[PDB]
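Coordinate inspection notes
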Amino acid sequence: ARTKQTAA
Amino acid sequence: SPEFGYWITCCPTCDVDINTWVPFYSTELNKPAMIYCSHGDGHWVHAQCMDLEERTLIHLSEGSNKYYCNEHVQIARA
Ligand SMILES: [Zn+2]
Ligand SMILES: [Zn+2]
């Protein structure tokens, strides 16, 4: 799923 | 009229506000984590407002599975 602000 | 970006009112019970927000997930700093709901024409919702645990959110972001917000998840995709 597409997401935002999930990058460690 | 309706609104794009990180500071939208994502659902009827949305708790994310540009005037009150603080980091919750370990991946957040100055912006709320969001996830795309594939229902209809699709829309974005705040992961926190969906009561998504961090690992569920991260696993979703690491795969090709589609997500459906709490509002539309029970809708017959038939
Ligand atoms: Zn929200
Ligand atoms: Zn939805």
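Let me begin by describing the structure that accompanies this report.

**Digging into the coordination of the zinc ion (ligand 1)**
Residue and element names in this part refer to chain B.
- Around the zinc ion (ligand 1), the protein contributes the donor atoms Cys-10 (SG), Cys-14 (SG), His-46 (ND1) and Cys-49 (SG), at 2.1 to 2.4 Å from the metal centre.
- One can describe the site at the zinc ion (ligand 1) as tetrahedral: its four donor atoms subtend angles covering 100 to 118° at the metal.
- Spacing between the donor residues of the zinc ion (ligand 1) along the chain follows C-x3-C-x31-H-x2-C. Of this pair, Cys-14 sits in the segment before β1 (34-37) while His-46 is found in strand β2 (residues 43-46), placing the two residues 32 residues apart along the sequence.
- A relative accessible area of 0% means that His-46 is categorised as buried.

**Notes on the interface of chain A and chain B**
- If you look at the interface, chain A gives eight residues, while chain B gives 18 residues.
- It is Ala-1, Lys-4 and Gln-5 of chain A that lose the most area in chain A upon contact with chain B, and together they represent 59% of the buried surface on that side.
- Here chain A is connected to chain B by zero salt bridges.
- Between chain A and chain B we count seven residue pairs in polar contact in total.
- Taken together, the residues of the side of chain A that touches chain B break down into three nonpolar, three polar and two charged.
- Here strand β1 (residues 3-4) of chain A pairs with β1 of chain B via two bridges, running antiparallel. Among the inter-strand pairings, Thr-3 of chain A is bridged to a residue of β1 of chain B, identified as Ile-35 of chain B.

**Notes on the sheet that holds β1 of chain A**
- Strand order in the open sheet made by the three strands is β1(A)-β1(B)-β2(B), with antiparallel pairing throughout. The open sheet has two edge strands with one neighbour each: β1 of chain A together with β2 of chain B.

**Here's the deal with the coordination of the zinc ion (ligand 2)**
All names here are of chain B.
- Note on the zinc ion (ligand 2): its protein donors are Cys-37 (SG), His-43 (NE2), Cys-69 (SG) and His-72 (ND1). The metal-donor distances range over 2.0 to 2.3 Å.
- Given four donor atoms and angles of 103 to 117° at the metal, the environment of the zinc ion (ligand 2) is assigned as tetrahedral.
- Along the chain, the residues donating to the zinc ion (ligand 2) fall in the pattern C-x5-H-x25-C-x2-H. Of this pair, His-43 sits in strand β2 while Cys-69 sits in the segment after α1 (54-61), and the two are 26 residues apart along the sequence.

What counts, and where the lines are drawn
Residues numbered from 1 in each chain as written, not as in the entry; some residues may be left out. Chains lettered and ligands numbered in written order. Heavy atoms only, no water. Residues with missing side-chain atoms left out of burial classes, pairs and counts. Donors = N, O, S within 2.8 Å, 3.2 Å for Na, K, Ca; no water. Tetrahedral: all angles 85-135°; square planar, octahedral: opposite > 155°, others 65-115°. Helix = DSSP H or I, 4+ residues; strand = E, 2+ residues; numbered from the N terminus. Buried < 20%, exposed > 50% of the residue type's maximum accessible area, 1.4 Å probe, protein only. Contact = heavy atoms within 4.5 Å. Buried area = accessible area lost by both parts, 1.4 Å probe. Salt bridge = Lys/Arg side-chain N within 4 Å of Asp/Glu carboxyl O. Polar contact = N/O pair within 3.5 Å; in protein donor to acceptor, adjacent residues only side chain to side chain. Nonpolar A, V, L, I, M, F, W, Y, C, P; charged D, E, K, R; others polar. Pairing = 2+ DSSP bridges.

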